[PDB]
Amino acid sequence: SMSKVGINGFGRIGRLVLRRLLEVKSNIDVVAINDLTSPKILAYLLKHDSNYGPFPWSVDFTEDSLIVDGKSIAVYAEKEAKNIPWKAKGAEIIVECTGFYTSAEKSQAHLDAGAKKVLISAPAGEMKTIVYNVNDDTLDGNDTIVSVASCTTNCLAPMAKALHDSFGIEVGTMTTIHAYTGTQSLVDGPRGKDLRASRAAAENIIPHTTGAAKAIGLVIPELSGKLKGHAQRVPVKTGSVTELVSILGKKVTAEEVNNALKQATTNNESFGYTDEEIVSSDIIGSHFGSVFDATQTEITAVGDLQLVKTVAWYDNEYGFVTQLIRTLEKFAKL
Amino acid sequence: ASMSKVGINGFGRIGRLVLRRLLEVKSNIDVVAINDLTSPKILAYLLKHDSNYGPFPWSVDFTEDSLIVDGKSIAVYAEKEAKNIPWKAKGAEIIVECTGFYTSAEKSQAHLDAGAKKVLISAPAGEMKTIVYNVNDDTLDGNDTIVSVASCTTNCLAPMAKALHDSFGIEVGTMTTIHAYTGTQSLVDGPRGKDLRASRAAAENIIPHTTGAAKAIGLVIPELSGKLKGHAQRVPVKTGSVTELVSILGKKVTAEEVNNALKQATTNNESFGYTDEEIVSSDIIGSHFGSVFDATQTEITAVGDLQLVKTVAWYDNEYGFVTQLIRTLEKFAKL
Amino acid sequence: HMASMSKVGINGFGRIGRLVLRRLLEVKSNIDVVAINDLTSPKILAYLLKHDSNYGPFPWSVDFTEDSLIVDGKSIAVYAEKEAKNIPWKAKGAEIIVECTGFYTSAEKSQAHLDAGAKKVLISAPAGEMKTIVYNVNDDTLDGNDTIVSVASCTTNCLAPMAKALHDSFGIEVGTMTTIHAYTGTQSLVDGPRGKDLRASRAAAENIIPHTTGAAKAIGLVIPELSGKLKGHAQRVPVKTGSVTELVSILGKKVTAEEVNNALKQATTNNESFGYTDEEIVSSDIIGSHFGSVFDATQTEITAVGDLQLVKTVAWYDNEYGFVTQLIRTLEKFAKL
Amino acid sequence: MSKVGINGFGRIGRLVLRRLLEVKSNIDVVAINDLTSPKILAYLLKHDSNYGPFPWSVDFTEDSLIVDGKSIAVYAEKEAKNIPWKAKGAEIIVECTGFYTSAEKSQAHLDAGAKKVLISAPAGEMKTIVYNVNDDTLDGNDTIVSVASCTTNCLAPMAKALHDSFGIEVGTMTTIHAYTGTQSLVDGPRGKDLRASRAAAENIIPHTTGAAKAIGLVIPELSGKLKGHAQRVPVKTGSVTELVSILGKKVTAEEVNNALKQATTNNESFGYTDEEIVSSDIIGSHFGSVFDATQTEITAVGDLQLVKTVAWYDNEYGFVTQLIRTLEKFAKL
Ligand SMILES: NC(=O)c1ccc[n+]([C@@H]2O[C@H](COP(=O)([O-])OP(=O)(O)OC[C@H]3O[C@@H](n4cnc5c(N)ncnc54)[C@H](O)[C@@H]3O)[C@@H](O)[C@H]2O)c1
Ligand SMILES: *C(=O)[C@H](O)COP(=O)(O)O
Ligand SMILES: *C(=O)[C@H](O)COP(=O)(O)O
Ligand SMILES: *C(=O)[C@H](O)COP(=O)(O)O
Ligand SMILES: *C(=O)[C@H](O)COP(=O)(O)O
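Residue numbers (the deposited numbering), protein chains in the order written: chain R, 0 to 333; chain Q, -1 to 333; chain O, -3 to 333; chain P, 1 to 333.
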């Protein structure tokens, strides 16, 4: 199985990818990173993290590398992926974390530079799009470029899968109350063409699109076209919650829904359950893609018509990263 | 000539804003007395200096037993029990009850025993007339003595639900409000009555919470009782909130039809605003509406003959709701 | 009679540039903004002008065309030039440029606006050793031959009036300042590279972040006698606007707190730039201030053992709008010289 | 003495328990006194917005908490004198309510049958301990002692190092300090202090600091020579103290840094950094104070010199580590 990884983009997701590989003592080794910033600044950002605290392992750097837990990781600085020297240290699978290569066509550049596979940390149009412990069995040995969808997709999918398997989802709409992220603005000022993205993120509730609305239908194809949604971005640094309002294929009670979800979470490393009265800071550093919260289930029933609201927490950074890593570990062995 | 002399019980966020709004609109209502647990010095400091709305627009001073606001005295009483408030001293006739401790007819009766004639409660207060101005204020009459203006979220939800119900019918619906933190919550993790989530640091968390709209809505629009449920997610913004409603309607619709219907309902409506601008919560701070419908967030999800309709309205849960309280107060005084 | 200059162009319609317009309209200035240069579309600029997270809705109407804003019914041209020398300032006869981008903070750089047809430039930031004005501290150093001028920084505009008053009353022998300062656009929203400065890379709304300010170092431009006598820095903190500067000085006289506060009170009298408070205010109370600086008598502290004395004085400032009111007073006088 | 009681299971009290378990202390917490139900206390112990999930099991009964399998009695007395500390034999009381910050007030716990009291705050004229500055002042006859305040625990090691190396002639400090429970969530009455009434997460708020009164008890040669205050700001925990001093010697920055570095060597209470840290990096710190050499500043004109030195502190967990050090020593005297 492939054991050598390269990371393109050592931002929030890239840095956490490394952290989680080390934490689970993966046999995968990160051999190289591509990013335009100096090793000294990357080392600083690896070592000190506003959301997750001090890095658990030693961190140092040289002019062209980081040294992490005594191991050397090359730092390349190519603006175009086609130029990254992935062959130099034998980088086989690229975790593409920049946001600038979110298509098969764009990520082909890494294969052209000598890698064997690419795992894209975002939705990436019409390609295999995997939420681990939902549809990771769709992968096979011939796949070369795959997506792990988005954080919100990894929250929504397991919950949608459980409801669909138990009851049928006829139609549904989701809203994620979502921690602010780097695509937003610190102060009011231009942020590309999206007006709301221009607004001070830590001072506002901000409506925003969600990657789940396009990606969910690739993950659970029976639900393609049956689900829409969006986000409200709010001033918490990480930790998010997805609410899904569905019409189901049969009549249910709150207990029945909660039981079905509890069953779906049993011995499921990707999908957790809680009936504790938690809040978002309790999900920070979670090792699930999604934690269903039985305390927030609500059934609104008027005869033949019933609306079912189900709610799951997710750490949009580290939780989603644990999912990426599960998918990567499987992807490497194919 | 109306029943113009008012007393405020509870000079907190809502009480102080009551005064600010009455003065802003040059109301004929005269606030003649306040009851609160704290000194006039402290109440004057809080009235003058506001973290959400800025400097008070009028002069503020105090004496040992009064505030002096724009040169007009307001008596300050410190009675923990409302039956002991001497409302007759200055002739306070209508009491704006803003403490949270008297949210029923039986409790707010104390003000009437203490010599007031009417009470308007700034919160849901059980099975009593419960008014969202410009939704059901025509249900008030001259015999009402204790009435509620529901909650902020009810004032946000009701006009949007009334419009949809009138134009399309609502068969069933569920709401979530993404809601600014309030004084019922906690600064640091620590006990906060019986509710476990209320104990958690409010400016550092998304905190699920119950909403007053969930019981108050079938009092305001009786055709909808039993048909809506909902809750809140309390989040770290200081004021400014947004209510999402997911409904099944009585007919099939397009987003444009929905937006047009809501736009028509907002026209010449001082309580209910409309936007198709890409606003965010800070833009609703200081709003003079109870609710502002946002056409940019309308979403129809349809499969077959099944349709879910998501409609969204903003509200300033402080000042916006207070403008509604004041409209209701002004009418109640004239009855 | 030679009329004062009345037509302004704004280079950079960021926070400062937008607030420049706001303040000119609020004061019903004689000065009209006739043009703006910025690379962002009029649609987005109109959206940002109309809706402000810090100051609320714009008080006048706003609309736009593909190449203009229409503000209070008046058209303002919008150009999109990357190089200042290419801005067509002569089209609407922009005479004074308010240079708000941060990319032209020197005489050499800002003279490009003169090449582009403007007559004078006022830079909204420190700009090396050029004429540098804190209004009501050293604006009487301006004259008719000044063509490119700086208004220093917000922190300079906070520190200087307090330092001037102390220097004039008592003497400042040496001093150091710390500003506990609202976060700004030069910082980061999430932890990530922000040029070469390590602390600027850290999430601004989630941290106390030490940061430079040249305010004290270059104070000799504004108060020559204090050149080289002051140092300081900032702690950037999670408030959206509103800041406070503390100055610890060795003075040239033994003083009491009352004596310090009285001298500062006299300095703030009939002074539209420098206010005084003895109220127990907090940062949100300074948001929207029309002063450059507001001295707070409640925070004065004298620590003294024998002849050894330290004096702490503290002034609030709205690092956005308050600083902008200073920029506008400077601009109005500059226009008449 | 090994059996402890906690009066007040707020931020400090819960973290006292957390740290005691973390260091595998032989101290045994046998009882807690707080007006809140065990249900709610167990929920707050389990789930912490600043430090994350509690690392041990937590359960409860109507009158107890069960922590890592061990029962801790929970009493609900509003007056300390009525707390029945003799029932489980609580000998040393960690007094964390803020309502008994004097000898005369904390005497109540001795009348209630405890042997000694350690107060988590300044408490007037009593022995006031910053661990690794003056913990050698404690002896076996002391019955009521203070661990000063978080800011004092930050300031003291920095002031002792400067004073020992250079002399501090006079100084003034400002701490840029995380908001705390004594402040207000929304603008509204908060006792008599006007600034405390203001929304803490939305403002810079000038405030007193415990270090102003306590530092002279910790370092007696400096009594009357230091003053200061706080600016409370919107971070949940993590703070930073700046001290501006007139020293008794002329110095360079490197000389100051070096002197500080030496003071932090083999010193479990006082850390050192030359990295470009920010406040979130101090959250969870196991020091009372971390001196930051990157912020050192020397301002000199002629033969006048001002020296600015800066130290980080986790005002919650760091200070609690110092409290625990002092408690462990106090229990053995
Ligand atoms: N977002 C909002 O704040 C909001 C919006 C709509 C309605 N409300 C509702 O209106 C009421 C007040 O809310 P608030 O946010 O102003 O609370 P607040 O806590 O800011 O104010 C409560 C005030 O009442 C005073 N008080 C408490 N008990 C009292 C008593 N027994 N006698 C006299 N004074 C007393 C307090 O000192 C404080 O000044 C509540 O019923 C609340 O549900 C609040
Ligand atoms: C998580 O991937 C990131 O915060 C994007 O959020 P989505 O809501 O999944 O688009
Ligand atoms: C408004 O009344 C106050 O914030 C309460 O909020 P609800 O969601 O209306 O209870
Ligand atoms: C104000 O100009 C801006 O926030 C910069 O702050 P300084 O502290 O003046 O550099
Ligand atoms: C720490 O003890 C608490 O936050 C008090 O702060 P001080 O600045 O030490 O009073």
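All C-beta atoms, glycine included, are put in the ideal place defined by N, C-alpha and C.
With distances taken between CA atoms, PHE99(R) lies nearest to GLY8(R) out of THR208(R), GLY8(R), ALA42(R), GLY13(R). Relative to the non-hydrogen atoms of ligand 5, the Cβ of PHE287(P) never comes closer than 8 Å to any of them. Look at which beta carbons fall closer than 7 Å to any heavy atom of ligand 5; those residues are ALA121(P), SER149(P), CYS150(P), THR151(P), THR152(P), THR175(P), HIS177(P), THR180(P), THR208(P), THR209(P), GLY210(P), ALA211(P), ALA230(P), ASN315(P), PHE319(P). Of the residues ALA161(Q), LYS86(Q), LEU138(Q), the one whose Cα lies closest to the Cα of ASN267(Q) is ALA161(Q). Residue-level contact by beta carbon fails for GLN231(P) and chain Q, as no gap is shorter than 9 Å.
For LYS332(O), the uninterrupted alpha helix (DSSP H) run begins and ends at 317 to 332, by DSSP. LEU243(O) and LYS105(Q) have their C-alpha atoms spaced approximately 54 Å apart. Here DSSP, grouped into helix, strand and coil, assigns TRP56(Q) to coil. When secondary structure is reduced to three states using DSSP, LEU162(P) falls in the helix class. Judged by DSSP in its simplified three-state form, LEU247(R) adopts strand. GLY52(R) and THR265(Q) have their C-alpha atoms roughly 52 Å apart. Annotation: Cβ neighbours of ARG11(R) in chain O (cutoff 9 Å, chain order): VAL186, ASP187, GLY188.
The three-state secondary structure of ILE119(P), taken from DSSP, is strand. Pairing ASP111(O) with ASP48(Q), the inter-Cα distance amounts to about 48 Å. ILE176(P) is outside the set of residues whose beta carbon lies under 9 Å from a beta carbon in chain R.
Non-local beta-carbon contacts of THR208(O) in its own chain, meaning distances under 8 Å to residues more than five positions away in sequence, involve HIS229, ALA230 in chain order.
Residue pairing of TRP312(Q) in beta bridges, as defined by DSSP: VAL240(Q), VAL290(Q). Taking the beta carbon of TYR43(O) as reference, the chain R residues within 8 Å of it are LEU194, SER197, listed in sequence order. Boundaries of the alpha helix (DSSP H) harbouring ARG14(Q): 11 to 22, taken from the DSSP string. Inside the segment 73 to 120 of chain Q, DSSP marks whole beta strand (DSSP E) runs of 3 or more residues at positions 92 to 95, 116 to 119, from first to last along the chain. Residues of chain Q with a Cβ closer than 7 Å to the Cβ of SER49(O) are, in chain order, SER280. For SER146(Q), the shortest C-beta to heavy atom distance toward ligand 3 is 8 Å or greater.
The bridge partners DSSP lists for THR175(R) are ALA230(R), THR241(R). Sequence-distant partners of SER165(R) (beyond 5 residues in either direction) whose C-beta falls short of 7 Å from its own C-beta, in its chain, are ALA259. Ranked by Cα distance from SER102(Q), the first of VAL145(Q), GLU22(Q), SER37(Q) is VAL145(Q). Looking only at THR252(Q), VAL67(Q), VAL170(Q), the smallest Cα-Cα distance to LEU21(Q) is reached by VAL67(Q). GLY89(O) is positioned such that its CB atom lies closer than 9 Å to that of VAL30(O). Proximity of the beta carbon of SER239(Q) to ligand 3 is indicated: a heavy atom of the ligand is located closer than 8 Å.
In the DSSP assignment, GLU297(R) falls outside any alpha helix (DSSP H) and lies within the beta strand (DSSP E) extending over 297 to 301. Secondary structure at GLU275(Q): coil, using DSSP grouped into helix, strand and coil.
With a cut-off of 8 Å, the C-beta of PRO189(P) is classified as near ligand 1, since at least one heavy atom of the ligand falls inside that distance. In the DSSP assignment, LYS3(P) forms a beta bridge with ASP28(P). For the segment 259 to 274 of chain O, there are no residues whose beta carbon sits under 8 Å from a beta carbon of chain R. Within chain P, the residues whose beta carbon sits less than 9 Å from that of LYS236(Q) are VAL186, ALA199, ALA201, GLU202, listed in sequence order. Selection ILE72(Q), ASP34(Q), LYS70(Q) evaluated against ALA80(Q) yields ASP34(Q) as nearest (Cα-Cα). In this model, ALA201(P) and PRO157(P) are separated by some 29 Å (Cα to Cα).
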